[PDB]
Amino acid sequence: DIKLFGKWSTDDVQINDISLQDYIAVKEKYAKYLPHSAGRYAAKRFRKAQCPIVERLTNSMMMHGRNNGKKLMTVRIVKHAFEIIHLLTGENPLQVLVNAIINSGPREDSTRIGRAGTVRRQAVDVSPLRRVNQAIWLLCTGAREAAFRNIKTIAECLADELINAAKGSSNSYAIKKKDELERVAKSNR
Amino acid sequence: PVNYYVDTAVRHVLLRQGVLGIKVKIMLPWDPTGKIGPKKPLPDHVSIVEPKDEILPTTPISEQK
Amino acid sequence: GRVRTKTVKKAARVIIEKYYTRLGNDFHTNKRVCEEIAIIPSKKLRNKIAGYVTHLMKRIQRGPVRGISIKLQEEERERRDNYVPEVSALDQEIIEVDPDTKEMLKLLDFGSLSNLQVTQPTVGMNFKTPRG
Amino acid sequence: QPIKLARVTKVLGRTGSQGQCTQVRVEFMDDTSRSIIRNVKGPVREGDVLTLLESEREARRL
Amino acid sequence: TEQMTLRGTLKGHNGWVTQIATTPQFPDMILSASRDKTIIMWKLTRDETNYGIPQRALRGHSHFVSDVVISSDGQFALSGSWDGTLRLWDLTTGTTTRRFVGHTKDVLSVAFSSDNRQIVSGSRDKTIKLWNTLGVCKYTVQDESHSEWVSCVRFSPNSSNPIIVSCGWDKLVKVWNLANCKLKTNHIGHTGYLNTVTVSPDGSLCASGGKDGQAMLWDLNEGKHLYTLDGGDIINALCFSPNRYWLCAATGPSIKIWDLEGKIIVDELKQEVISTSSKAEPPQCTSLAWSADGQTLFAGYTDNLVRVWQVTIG
Amino acid sequence: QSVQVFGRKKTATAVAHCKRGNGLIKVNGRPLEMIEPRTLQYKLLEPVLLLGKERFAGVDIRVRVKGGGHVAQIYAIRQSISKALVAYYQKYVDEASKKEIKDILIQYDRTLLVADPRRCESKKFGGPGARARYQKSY
RNA sequence: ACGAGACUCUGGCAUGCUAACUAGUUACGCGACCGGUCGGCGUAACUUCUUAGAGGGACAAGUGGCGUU
């Protein structure tokens, strides 16, 4: 009975990725009314995995200078586009967001050469936490530059971005970037 | 402690070829009440009281007064 | 970094060596003891000294410490070191002896010893580590 | 080749030009008896699961 | 014949249980003092889930609470604390009725006279003070007192010859006459500092213990040493059984009961499940209090639990 | 029967006077569902939503709040209300009810009962703020 | 031995102490509106809120691992 905003439950959300189950916090101790909790999750390493995923998205929305610190605006932008994901798909918006997080996180990518090197790149595996972080960052960036210089409002660009990422469609900026990174890692194997 | 354990003075001396600068710093001794120096000890100085020599009672003696 | 400075450590060592009887495993009693028996002009320094005294009390609880030297503790330590087995390890019914030391004992005039058992000597003269 | 998971059993060290990769030991979730060393890029801790798309290379020791 | 077994454990303290107080007026009421700056008034349900639950929490001390004692009627409580002050609490409302100021150091012990007309406070100030119930200090034994901390002060339950017995960290047991508050008797013989003294319910014996581990019994009327029982650790507390001729000592992490007749160990109360976590020291018994009827003994420990033992015969 | 237990966040501080009553909750004379941002209304309703109207039914709570910022006055009001109910239950009901309400509140959010110690850091010369520095050129 | 640390100032905690018409809060009276809202008026309680003094409080102290243990 701790539905988000006041409408979205969490009891039905299934992560079903095993790898990211411990790093997406949505279900029972992480069911909160609002994606705004002050919180001190940056004080110690790995704690941000205890932060609810909706609050992580909300924090990632405050970007590009003019929107720094405006968290009430971002919680409004999440409340909308949850109201819109529900209308477009008919599913729980939390489930759509979780599926988007699963689909948009890279599994491999390239670093500078192995132990050492200054010429090419070497493929490596991605931590689950870095997977979730990169997924949130890519989803937010795709929404941000879909809404820029366009009559389409934010909370519409973000809703469609999350829906496409949940579907796995290539109309999503996050899915395109994930595929690009994974392919480059493949080439540098 | 530099603000109450060392007393500093700077002075000029007008000589034929120019000015000589003199600086004098004195580190005062610890003075308990008597003004030769500061009353407070240095903050890093720990003094441990020497334990008095006691004799462990071999047998229970009761003293009535 | 919680590394204690030499001020704290030497103060704690002296306090322990002088007042070992009054101290224990309790930080909050140890700090009162320190503030009663010593003159520490700061509360934080007193707390650091008491904490290290507690740590060292725990350390001496399970043996000795290279810094401390308690006069009364050494008596009990040598009392533990005074262990004596029932039968001396040097009292053996039969002791093996090589032919060479048997000949040496015979030359000593002690060839009449009975406990000696003349064991067989080694065969191969291979007692050196190979070079390379 | 299929995609398969592996649980981290111990963090070996830090590698890379700028120390950006954690070289780690992983045991496979299904087999549970075969283990390898791989470099993982990001913050890693005990017991988390890495999905390997390729699953038979070995990271170079140290 | 008569053995004691563990019946229950009382939870609710966040710090070491430093004193347990019972009264012969409310058999379902217990006061426990603790290092969490709080005194818990329990309610003895004696049900299956728990022996007792916290009913009220007396707060107002700014440091550890070292001793708590209940009046003759279960309506008032007296507490001493490391904040240097003493507090007289009304047990119905749970608020401090009176505050006793005057000690410059930690207050280690406190006692209420039988008539509940006098109060004795012994402090780390090496000082024993007398108070009325109105919070006024009458006498202060600054001289001819302990040269070290005063660890425990106790009244004598004898209507005749009013004596107060005190112990200090100077390894001395001092007996003072309540009439004039001068040193009547001085007792030597302890090797280490003393923690507690217990006065017999009839006022005939006084037991003392501490670091040395030896529980020494002294005659109170005649003033001489009687018998030194051997404890295997530091004696944190002592108490006589109200009815049986027993003495119980909180010896380290255990408690031992001796029959004062046979002068032999009657029981060894030790409760600790030993496992791979044995690398840490077991919790130490700190306080001991017998029930009004005498069939129950409450023990405080470092793990902030109060364990109740019952004489299960058997 | 009253407690007056208060709570803080940053510079904002709110004092909640909780007395024996019939379930009134006001903040600065206004009812609870009228505080300003109204995006964090659920942040104000968290105590009563977690504990239920039955537990507040025997008390009237009046909160006076002053200090810095809308989002700090919120979190100060909710801390004050939670701590006021806890203290009233402790002083006037029993320890068991206090234990259960404290357990619920602490399990949901520690900041509902224990104040956040974070405060603004000072500015040092050579930069626009606490740790930022002015641009360096060569 | 100097430097580092210690130190001083400062930030957080105290329903414990000291005490306030140049700070208040409760309570009670008198008023204004529809029990409620009164930076409306006035005077008892008192110190939670405000001030600022003294003291307390944290020490890697407790537990589990890693370490020459």
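The chains referred to below are lettered A, B, ... by the order of the sequence lines, with proteins before strands, and numbering in each begins at 1. FYI, side chains are in, hydrogens and waters are out, and symmetry mates aren't considered; it's all heavy atoms of this structure.
Across all strands shown, nothing is found opposite G:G64 as a Watson-Crick or G-U wobble partner with both distances under 3.5 Å. Base pairing of G:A45 is not made with any nucleotide, judged by Watson-Crick or G-U wobble geometry with both donor-acceptor distances under 3.5 Å.
Ring pair C:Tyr52/C:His55 is parallel by interplanar angle, where below 30° counts as parallel and above 60° as perpendicular.
Pairing between G:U37 and G:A32: present (Watson-Crick or G-U wobble, both distances under 3.5 Å). Remark: the bases of G:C13 and G:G56 meet in a Watson-Crick or G-U wobble pair, both edge contacts within less than 3.5 Å. G:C38 and G:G31 make a Watson-Crick or G-U wobble pair, with both donor-acceptor distances under 3.5 Å.
A distance of about 9 Å separates the P atoms of G:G39 and G:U25, rounded to the whole Å. Rounded to a whole angstrom, the distance from the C1' atom of G:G42 to that of G:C21 is 13 Å. Spacing of P atoms, G:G64 relative to G:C59, comes out at 24 Å, to the nearest Å. Rounded to whole Å, the P atom of G:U50 lies 30 Å from the corresponding atom of G:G29. Using P as the reference atom, G:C46 and G:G11 are 32 Å apart when rounded to the nearest Å. Separating the P atom of G:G12 from that of G:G53 is a span of 16 Å, rounded to the nearest Å. Comparing the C1' positions of G:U18 and G:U37 gives a spacing of 38 Å, expressed to the nearest Å.
Counting non-hydrogen atoms under 4.0 angstrom, C:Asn47 reaches the backbone sugars and phosphates but no base. Residue E:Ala280 is classed as a sugar-phosphate contact, given heavy-atom separations below 4.0 Å to backbone atoms only. At a threshold of 4.0 angstrom between heavy atoms, the contacts of F:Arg118 with the nucleic acid are absent. Using a 4.0 Å heavy-atom criterion, one finds that E:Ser277 contacts the sugar-phosphate atoms exclusively. Contact annotation for F:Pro117: backbone-only contact, meaning every heavy-atom pair under 4.0 Å involves sugar-phosphate atoms and none involves a base. Backbone-only engagement by E:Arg99 is indicated by non-hydrogen atom pairs under 4.0 Å involving sugar-phosphate atoms exclusively. Here C:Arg2 lies in heavy-atom contact (under 4.0 Å) with a base. When heavy atoms are screened at a 4.0 angstrom cut-off, C:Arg32 is found touching the sugar-phosphate backbone but no base atom. Within 4.0 Å of C:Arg4, counting heavy atoms only, lie sugar-phosphate atoms of the nucleic acid but no base atom. If you check every strand for non-hydrogen atoms under 4.0 Å, C:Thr5 touches a base. Within the 4.0 angstrom heavy-atom criterion, no nucleotide atom of any strand lies near F:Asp60. Residue E:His61 is out of contact with every strand shown, counting any heavy-atom pair closer than 4.0 Å. Within 4.0 Å (heavy atoms only), C:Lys58 reaches sugar-phosphate atoms of the nucleic acid but no base atom. Heavy atoms of F:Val5 sit under 4.0 angstrom from at least one base atom.
The nearest whole Å value for the distance from the CD atom in C:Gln61 to the P atom in G:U69 is 19 Å. Nucleotide G:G57 holds its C1' atom 13 Å from the CG atom of E:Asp83, rounded to whole Å.
A cation-pi arrangement is present between E:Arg35 and E:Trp82, with the terminal nitrogen or guanidinium carbon under 6.0 Å from the aromatic centre and inside a 45° cone about the axis.
Which of G:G65, G:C7, G:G57 sits closest to the side chain of E:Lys279 comes down to G:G65. Residue F:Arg119 places its side chain closer to G:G12 than to any other of G:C49, G:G57, G:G12. Nearest to the side-chain atoms of F:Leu24 among the listed nucleotides G:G36, G:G57, G:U48 stands G:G36. Side-chain proximity of F:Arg8 to G:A61, G:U50, G:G57: nearest is G:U50.
Under a stacking criterion requiring six-membered ring centres under 5.5 Å apart and planes under 30°, the adjacent bases G:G39 and G:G40 are classed as not stacked.
Looking only at distances, no side-chain donor or acceptor of E:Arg56 sits under 3.5 Å from a matching main-chain atom of E:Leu91.
Considering every non-hydrogen atom in both E:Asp303 and E:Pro283, the closest pair reads OD2-CG, 3.4 Å. Here the closest heavy-atom approach between residue E:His63 and residue E:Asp83 is recorded as CB-N, 3.6 Å. For the residue pair E:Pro253 and E:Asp233, the shortest heavy atom distance occurs at CD-OD2, 3.9 Å.
Within 90° of 0 lies the glycosidic angle of G:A45, which makes this nucleotide syn. Annotated as anti: G:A54, whose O4'-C1'-N torsion sits more than 90° from 0.
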**OP:** Please assess E:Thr140 against E:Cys137 for the test side chain to side chain contact (heavy atoms under 4.5 Å, CB included), listing each intermediate value before the final yes or no.
**Re:** CA-CA 7 Å; E:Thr140 287; E:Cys137 175; 3.3 Å; yes
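Judged by distance alone, with hydrogens and angles left aside, C:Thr7 brings a side-chain donor or acceptor within reach of the base of G:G5, the pair sitting under 3.5 Å. Side-chain atoms of C:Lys43 come within donor-acceptor range of the base of G:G57, with a qualifying N/O pair under 3.5 Å.
To the nearest 0.5 Å, atoms CD (F:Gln41) and CD (F:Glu33) are separated by 6.0 Å.
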